[PDB]
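A.B. asks: My structure is in target05.cif, and what it holds is mmCIF, C-alpha atoms (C1' of nucleotides):
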data_structure
loop_
_atom_site.group_PDB
_atom_site.id
_atom_site.type_symbol
_atom_site.label_atom_id
_atom_site.label_comp_id
_atom_site.auth_asym_id
_atom_site.auth_seq_id
_atom_site.Cartn_x
_atom_site.Cartn_y
_atom_site.Cartn_z
ATOM 1 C CA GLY A 1136 4.515 24.313 31.294
ATOM 2 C CA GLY A 1137 1.733 21.998 32.371
ATOM 3 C CA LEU A 1138 2.129 18.362 31.527
ATOM 4 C CA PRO A 1139 2.655 18.218 27.835
ATOM 5 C CA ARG A 1140 6.155 18.501 29.299
ATOM 6 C CA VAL A 1141 6.863 15.277 31.187
ATOM 7 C CA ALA A 1142 6.451 13.778 27.728
ATOM 8 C CA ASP A 1143 8.487 16.656 26.272
ATOM 9 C CA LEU A 1144 11.274 16.204 28.828
ATOM 10 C CA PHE A 1145 11.460 12.440 28.263
ATOM 11 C CA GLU A 1146 11.369 12.749 24.457
ATOM 12 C CA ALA A 1147 14.487 14.960 24.809
ATOM 13 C CA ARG A 1148 13.160 17.525 22.333
ATOM 14 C CA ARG A 1149 15.398 20.492 21.583
ATOM 15 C CA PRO A 1150 14.012 23.901 22.638
ATOM 16 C CA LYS A 1151 13.223 26.631 20.112
ATOM 17 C CA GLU A 1152 16.080 28.883 21.300
ATOM 18 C CA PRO A 1153 18.898 26.759 22.749
ATOM 19 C CA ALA A 1154 21.730 28.346 24.704
ATOM 20 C CA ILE A 1155 25.292 27.755 23.496
ATOM 21 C CA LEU A 1156 28.060 26.889 25.965
ATOM 22 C CA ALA A 1157 31.856 26.880 25.891
ATOM 23 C CA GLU A 1158 35.026 24.896 26.659
ATOM 24 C CA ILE A 1159 37.890 24.827 29.161
ATOM 25 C CA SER A 1160 39.296 28.292 28.353
ATOM 26 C CA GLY A 1161 36.949 30.840 26.785
ATOM 27 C CA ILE A 1162 39.384 33.689 26.145
ATOM 28 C CA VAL A 1163 38.270 36.924 24.500
ATOM 29 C CA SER A 1164 37.973 36.718 20.725
ATOM 30 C CA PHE A 1165 34.737 38.604 19.860
ATOM 31 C CA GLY A 1166 34.567 38.042 16.109
ATOM 32 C CA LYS A 1167 37.059 38.024 13.236
ATOM 33 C CA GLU A 1168 35.572 39.130 9.895
ATOM 34 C CA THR A 1169 31.957 39.114 11.094
ATOM 35 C CA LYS A 1170 30.239 39.093 7.704
ATOM 36 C CA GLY A 1171 26.521 39.197 6.887
ATOM 37 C CA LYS A 1172 26.215 35.596 8.087
ATOM 38 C CA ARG A 1173 26.390 34.581 11.758
ATOM 39 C CA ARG A 1174 28.577 37.325 13.204
ATOM 40 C CA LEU A 1175 30.965 37.458 16.182
ATOM 41 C CA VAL A 1176 32.869 34.250 15.461
ATOM 42 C CA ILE A 1177 34.285 33.379 18.887
ATOM 43 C CA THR A 1178 37.756 31.806 18.680
ATOM 44 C CA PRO A 1179 39.064 31.222 22.224
ATOM 45 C CA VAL A 1180 42.657 30.050 21.830
ATOM 46 C "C1'" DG B 1 -48.363 -70.007 -10.798
ATOM 47 C "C1'" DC B 2 -47.326 -65.201 -8.707
ATOM 48 C "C1'" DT B 3 -43.857 -61.744 -7.316
ATOM 49 C "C1'" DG B 4 -39.413 -59.017 -6.403
ATOM 50 C "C1'" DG B 5 -34.489 -57.793 -6.536
ATOM 51 C "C1'" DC B 6 -30.280 -58.129 -10.471
ATOM 52 C "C1'" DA B 7 -27.827 -56.782 -15.694
ATOM 53 C "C1'" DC B 8 -27.846 -54.951 -20.915
ATOM 54 C "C1'" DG B 9 -28.355 -51.714 -25.175
ATOM 55 C "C1'" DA B 10 -29.376 -47.539 -26.362
ATOM 56 C "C1'" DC B 11 -30.003 -42.495 -24.684
ATOM 57 C "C1'" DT B 12 -28.568 -38.535 -21.456
ATOM 58 C "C1'" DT B 13 -25.642 -35.949 -18.680
ATOM 59 C "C1'" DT B 14 -20.800 -34.100 -17.271
ATOM 60 C "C1'" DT B 15 -16.109 -32.404 -18.030
ATOM 61 C "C1'" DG B 16 -11.743 -30.501 -19.533
ATOM 62 C "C1'" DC B 17 -10.030 -27.884 -23.852
ATOM 63 C "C1'" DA B 18 -10.670 -23.720 -24.714
ATOM 64 C "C1'" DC B 19 -10.530 -19.058 -26.291
ATOM 65 C "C1'" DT B 20 -13.689 -14.191 -24.765
ATOM 66 C "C1'" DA B 21 -16.621 10.148 -18.324
ATOM 67 C "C1'" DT B 22 -17.958 10.757 -14.157
ATOM 68 C "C1'" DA B 23 -17.008 11.189 -10.062
ATOM 69 C "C1'" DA B 24 -16.838 11.625 -3.043
ATOM 70 C "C1'" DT B 25 -14.048 14.928 -1.957
ATOM 71 C "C1'" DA B 26 -12.054 18.308 1.187
ATOM 72 C "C1'" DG B 27 -12.081 21.469 8.567
ATOM 73 C "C1'" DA B 28 -5.624 17.984 13.962
ATOM 74 C "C1'" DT B 29 -1.650 18.566 15.550
ATOM 75 C "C1'" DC B 30 2.892 17.338 16.158
ATOM 76 C "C1'" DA B 31 7.288 15.715 15.291
ATOM 77 C "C1'" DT B 32 10.959 13.631 12.052
ATOM 78 C "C1'" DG B 33 13.697 12.680 8.154
ATOM 79 C "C1'" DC B 34 14.773 13.523 3.135
ATOM 80 C "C1'" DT B 35 15.171 16.389 -1.109
ATOM 81 C "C1'" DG B 36 15.700 20.536 -3.912
ATOM 82 C "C1'" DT B 37 17.059 25.564 -4.212
ATOM 83 C "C1'" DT B 38 19.555 29.484 -2.651
ATOM 84 C "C1'" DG B 39 23.024 32.372 -0.284
ATOM 85 C "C1'" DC B 40 27.748 32.754 2.114
ATOM 86 C "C1'" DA B 41 32.714 31.815 1.988
ATOM 87 C "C1'" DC B 42 37.107 30.595 -0.328
ATOM 88 C "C1'" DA B 43 40.457 30.217 -4.775
ATOM 89 C "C1'" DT B 44 43.325 31.271 -9.643
#
Could you express the structure from this file as structure tokens?
C.D. replies:
Amino acid sequence: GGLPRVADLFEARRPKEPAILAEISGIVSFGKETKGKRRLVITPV
DNA sequence: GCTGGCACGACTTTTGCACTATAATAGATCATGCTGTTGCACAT
């Protein structure tokens, strides 16, 4: 907030916790072989 | 006859060659890109 943000908005700095989006058809895939790494690998056909 | 600016034979000055243990000091963030090390995923 405040206005170390008009600078922040114009610098196009990535936020700490970005939100991921999807594509044309996000069908259900949950996660195939969700190992100890990043789990729930979404694979919408 | 008296005087005041010009040259000459020693002396004097200039110039290239030329080689030569102790200590000011540390109190911003903030972001970005690169490098090295480690852990996750696949293969015979």
A.B. asks: Within 9 Å of chain B, which residues of chain A are there when counting only C-alpha atoms (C1' of nucleotides)? Please give them as an MDAnalysis selection string.
C.D. replies: chainID A and resid 1170:1172
A.B. asks: Write out as a PyMOL selection string which residues come within 8 Å of residue 1162 of chain A when counting only C-alpha atoms (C1' of nucleotides), dropping same-chain ones fewer than 5 positions away.
C.D. replies: chain A and resi 1178-1180
A.B. asks: Find the distance between atom CA of residue 1153 of chain A and atom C1' of residue 32 of chain B and write it in Å to one decimal.
C.D. replies: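 If I compute the distance from atom CA of residue 1153 of chain A to atom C1' of residue 32 of chain B, I get 18.7 Å.
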A.B. asks: Considering all atoms listed in the file, return as a PyMOL selection string whatever protein or nucleic-acid residues lie within 12 Å of segment 1138-1142 of chain A, sequence-local ones (same chain, fewer than 6 positions apart) excluded.
C.D. replies: (chain A and resi 1148+1150) or (chain B and resi 30)
A.B. asks: Give me, please, the distance in Å between atom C1' of residue 34 of chain B and atom CA of residue 1144 of chain A, quoted to one decimal.
C.D. replies: 26.1 Å
A.B. asks: Would you mind reading off the distance between atom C1' of residue 42 of chain B and atom CA of residue 1167 of chain A, one decimal, in Å?
C.D. replies: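 Answer for the atom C1' of residue 42 of chain B to atom CA of residue 1167 of chain A separation: 15.5 Å.
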A.B. asks: Using 8 Å of padding on each side, determine the axis-aligned box around all atoms of segment 1153-1163 of chain A present in the file and give its centre and edge lengths in Å to one decimal, as AutoDock Vina command-line options.
C.D. replies:
--center_x 29.1 --center_y 30.9 --center_z 26.0 --size_x 36.5 --size_y 28.1 --size_z 22.4
A.B. asks: For segment 3-33 of chain B of the structure just presented, write N, CA, C and O atoms (P, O5', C5', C4', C3', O3' and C1' of nucleotides) to a file, as a tab-separated table (two decimals), in the first residue's frame.
C.D. replies:
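Full text of out-v5.tsv as output:
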chain	number	residue	atom	x	y	z
B	3	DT	P	85.93	63.26	-19.78
B	3	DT	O5'	84.88	62.52	-20.73
B	3	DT	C5'	83.68	63.19	-21.12
B	3	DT	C4'	82.87	62.34	-22.09
B	3	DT	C3'	82.53	60.93	-21.60
B	3	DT	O3'	81.16	60.63	-21.90
B	3	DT	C1'	83.52	60.81	-23.71
B	4	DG	P	80.43	59.36	-21.22
B	4	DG	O5'	79.09	59.19	-22.07
B	4	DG	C5'	79.03	59.67	-23.41
B	4	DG	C4'	78.75	58.55	-24.39
B	4	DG	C3'	78.27	57.24	-23.77
B	4	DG	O3'	77.34	56.61	-24.64
B	4	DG	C1'	80.25	56.84	-24.96
B	5	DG	P	76.16	55.70	-24.05
B	5	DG	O5'	75.47	55.07	-25.35
B	5	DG	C5'	75.65	53.69	-25.66
B	5	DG	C4'	76.13	53.51	-27.09
B	5	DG	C3'	76.14	52.07	-27.59
B	5	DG	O3'	75.91	52.04	-28.99
B	5	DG	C1'	78.35	52.89	-27.52
B	6	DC	P	75.63	50.63	-29.72
B	6	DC	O5'	77.09	50.11	-30.13
B	6	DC	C5'	77.27	48.76	-30.55
B	6	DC	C4'	78.52	48.63	-31.41
B	6	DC	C3'	78.99	47.20	-31.63
B	6	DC	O3'	79.68	47.11	-32.87
B	6	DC	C1'	80.58	48.36	-30.32
B	7	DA	P	79.87	45.68	-33.59
B	7	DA	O5'	81.19	45.08	-32.91
B	7	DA	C5'	81.57	43.74	-33.17
B	7	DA	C4'	83.03	43.52	-32.81
B	7	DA	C3'	83.41	42.07	-32.53
B	7	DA	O3'	84.76	41.84	-32.92
B	7	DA	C1'	83.75	43.36	-30.59
B	8	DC	P	85.23	40.36	-33.35
B	8	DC	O5'	86.27	39.94	-32.21
B	8	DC	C5'	87.55	40.55	-32.15
B	8	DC	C4'	88.32	40.10	-30.92
B	8	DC	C3'	88.33	38.59	-30.68
B	8	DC	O3'	89.62	38.18	-30.26
B	8	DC	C1'	87.48	39.69	-28.78
B	9	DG	P	90.12	36.67	-30.53
B	9	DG	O5'	90.70	36.21	-29.11
B	9	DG	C5'	91.75	36.94	-28.49
B	9	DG	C4'	91.81	36.65	-27.00
B	9	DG	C3'	91.95	35.17	-26.63
B	9	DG	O3'	92.76	35.04	-25.47
B	9	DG	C1'	89.94	36.02	-25.73
B	10	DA	P	93.41	33.61	-25.10
B	10	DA	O5'	92.17	32.77	-24.53
B	10	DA	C5'	92.24	32.19	-23.23
B	10	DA	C4'	91.83	33.20	-22.17
B	10	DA	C3'	91.32	32.58	-20.87
B	10	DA	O3'	91.55	33.46	-19.79
B	10	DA	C1'	89.54	33.71	-21.94
B	11	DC	P	91.93	32.89	-18.34
B	11	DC	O5'	90.59	33.05	-17.49
B	11	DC	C5'	89.55	32.08	-17.61
B	11	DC	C4'	88.25	32.62	-17.04
B	11	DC	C3'	87.48	31.64	-16.15
B	11	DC	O3'	86.71	32.37	-15.20
B	11	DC	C1'	86.21	32.09	-18.08
B	12	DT	P	86.05	31.62	-13.93
B	12	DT	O5'	84.51	32.03	-14.02
B	12	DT	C5'	83.90	32.22	-15.30
B	12	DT	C4'	82.39	32.14	-15.20
B	12	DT	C3'	81.86	31.03	-14.32
B	12	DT	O3'	80.55	31.37	-13.86
B	12	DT	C1'	81.36	30.54	-16.57
B	13	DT	P	79.67	30.34	-12.99
B	13	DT	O5'	78.48	29.95	-13.98
B	13	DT	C5'	77.74	30.99	-14.63
B	13	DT	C4'	76.75	30.43	-15.63
B	13	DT	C3'	75.86	29.29	-15.12
B	13	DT	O3'	74.55	29.46	-15.64
B	13	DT	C1'	77.02	28.57	-17.04
B	14	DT	P	73.31	28.62	-15.07
B	14	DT	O5'	72.63	28.03	-16.39
B	14	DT	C5'	73.44	27.79	-17.53
B	14	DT	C4'	72.64	27.17	-18.66
B	14	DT	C3'	71.68	26.08	-18.23
B	14	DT	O3'	70.78	25.82	-19.31
B	14	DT	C1'	73.56	25.10	-19.24
B	15	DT	P	69.50	24.87	-19.11
B	15	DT	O5'	69.56	23.90	-20.39
B	15	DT	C5'	70.79	23.71	-21.08
B	15	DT	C4'	70.74	22.48	-21.97
B	15	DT	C3'	69.86	21.36	-21.46
B	15	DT	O3'	69.60	20.45	-22.53
B	15	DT	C1'	72.08	20.71	-21.24
B	16	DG	P	68.11	20.24	-23.09
B	16	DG	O5'	68.22	18.90	-23.96
B	16	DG	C5'	68.43	17.65	-23.32
B	16	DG	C4'	69.44	16.80	-24.08
B	16	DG	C3'	69.31	15.31	-23.87
B	16	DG	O3'	69.99	14.62	-24.92
B	16	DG	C1'	71.24	16.04	-22.79
B	17	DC	P	69.48	13.18	-25.44
B	17	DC	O5'	70.74	12.22	-25.17
B	17	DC	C5'	71.62	12.50	-24.10
B	17	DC	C4'	72.71	11.45	-23.96
B	17	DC	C3'	72.23	10.11	-23.45
B	17	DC	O3'	73.24	9.12	-23.67
B	17	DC	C1'	73.34	11.25	-21.72
B	18	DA	P	72.94	7.57	-23.37
B	18	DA	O5'	72.99	7.45	-21.77
B	18	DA	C5'	74.24	7.49	-21.08
B	18	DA	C4'	74.04	7.64	-19.58
B	18	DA	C3'	73.08	6.65	-18.96
B	18	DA	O3'	73.77	5.46	-18.57
B	18	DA	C1'	72.55	8.86	-18.24
B	19	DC	P	73.32	4.03	-19.14
B	19	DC	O5'	73.71	3.01	-17.97
B	19	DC	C5'	72.72	2.56	-17.04
B	19	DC	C4'	72.82	3.32	-15.73
B	19	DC	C3'	71.78	2.95	-14.69
B	19	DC	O3'	72.23	1.83	-13.92
B	19	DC	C1'	71.93	5.31	-14.87
B	20	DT	P	71.26	1.16	-12.83
B	20	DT	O5'	71.38	2.13	-11.56
B	20	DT	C5'	70.42	2.07	-10.52
B	20	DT	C4'	70.58	3.25	-9.57
B	20	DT	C3'	69.69	3.22	-8.34
B	20	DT	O3'	70.32	2.47	-7.31
B	20	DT	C1'	69.57	5.36	-9.36
B	21	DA	P	59.50	-1.27	11.65
B	21	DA	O5'	59.14	-2.71	11.05
B	21	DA	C5'	58.25	-2.81	9.94
B	21	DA	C4'	56.82	-2.56	10.37
B	21	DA	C3'	56.20	-3.65	11.26
B	21	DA	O3'	55.37	-3.09	12.33
B	21	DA	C1'	54.87	-3.35	9.36
B	22	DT	P	55.21	-1.51	12.60
B	22	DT	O5'	54.45	-0.95	11.30
B	22	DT	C5'	54.48	0.44	10.99
B	22	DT	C4'	53.16	0.89	10.38
B	22	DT	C3'	52.10	1.31	11.37
B	22	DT	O3'	51.18	2.19	10.75
B	22	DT	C1'	51.45	-0.72	10.34
B	23	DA	P	50.60	3.46	11.55
B	23	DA	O5'	49.17	3.70	10.88
B	23	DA	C5'	49.04	3.70	9.47
B	23	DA	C4'	47.98	2.71	9.02
B	23	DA	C3'	46.71	2.72	9.86
B	23	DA	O3'	45.81	3.70	9.37
B	23	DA	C1'	47.47	0.49	9.59
B	24	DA	P	45.42	4.97	10.28
B	24	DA	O5'	44.40	5.80	9.37
B	24	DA	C5'	43.19	6.28	9.94
B	24	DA	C4'	42.00	5.90	9.07
B	24	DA	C3'	40.67	5.86	9.80
B	24	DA	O3'	39.62	6.11	8.87
B	24	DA	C1'	41.22	3.69	9.12
B	25	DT	P	38.09	6.11	9.36
B	25	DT	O5'	37.65	4.58	9.27
B	25	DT	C5'	37.75	3.88	8.04
B	25	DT	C4'	37.38	2.42	8.22
B	25	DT	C3'	36.29	2.16	9.24
B	25	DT	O3'	35.01	2.27	8.62
B	25	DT	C1'	38.07	0.55	9.42
B	26	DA	P	33.99	3.43	9.06
B	26	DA	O5'	33.30	2.85	10.38
B	26	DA	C5'	32.07	2.12	10.30
B	26	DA	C4'	32.24	0.87	9.45
B	26	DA	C3'	31.19	-0.21	9.68
B	26	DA	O3'	30.76	-0.75	8.43
B	26	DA	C1'	33.36	-1.08	10.13
B	27	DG	P	29.20	-0.95	8.12
B	27	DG	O5'	28.61	0.55	7.99
B	27	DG	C5'	28.19	1.27	9.15
B	27	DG	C4'	26.82	0.83	9.62
B	27	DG	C3'	25.74	1.90	9.57
B	27	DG	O3'	25.11	1.93	8.27
B	27	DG	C1'	25.74	0.87	11.70
B	28	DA	P	24.81	0.58	7.44
B	28	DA	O5'	23.59	0.99	6.50
B	28	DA	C5'	22.63	1.92	6.98
B	28	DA	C4'	21.25	1.61	6.44
B	28	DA	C3'	20.97	0.14	6.15
B	28	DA	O3'	19.63	-0.17	6.53
B	28	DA	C1'	20.58	1.40	4.21
B	29	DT	P	19.25	-1.63	7.06
B	29	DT	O5'	18.12	-2.13	6.05
B	29	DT	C5'	18.36	-2.07	4.64
B	29	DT	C4'	17.30	-1.23	3.95
B	29	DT	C3'	16.35	-2.01	3.07
B	29	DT	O3'	15.15	-1.28	2.91
B	29	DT	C1'	17.76	-0.70	1.70
B	30	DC	P	13.78	-2.04	2.56
B	30	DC	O5'	13.91	-2.37	1.01
B	30	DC	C5'	14.10	-1.31	0.08
B	30	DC	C4'	14.52	-1.86	-1.28
B	30	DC	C3'	14.25	-3.35	-1.48
B	30	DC	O3'	13.13	-3.52	-2.34
B	30	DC	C1'	16.36	-2.64	-2.39
B	31	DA	P	12.70	-4.98	-2.86
B	31	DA	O5'	13.42	-5.10	-4.28
B	31	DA	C5'	13.28	-4.04	-5.23
B	31	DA	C4'	14.23	-4.24	-6.39
B	31	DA	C3'	14.19	-5.62	-7.04
B	31	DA	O3'	13.98	-5.50	-8.43
B	31	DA	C1'	16.43	-5.00	-6.53
B	32	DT	P	13.83	-6.81	-9.35
B	32	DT	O5'	15.31	-7.05	-9.89
B	32	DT	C5'	16.06	-5.97	-10.43
B	32	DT	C4'	17.27	-6.48	-11.19
B	32	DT	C3'	17.12	-7.88	-11.76
B	32	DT	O3'	17.77	-7.95	-13.03
B	32	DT	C1'	18.95	-7.83	-10.27
B	33	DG	P	17.43	-9.15	-14.05
B	33	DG	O5'	18.84	-9.86	-14.27
B	33	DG	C5'	19.95	-9.09	-14.71
B	33	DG	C4'	21.26	-9.78	-14.37
B	33	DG	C3'	21.35	-11.25	-14.78
B	33	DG	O3'	22.62	-11.49	-15.37
B	33	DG	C1'	21.85	-11.03	-12.49
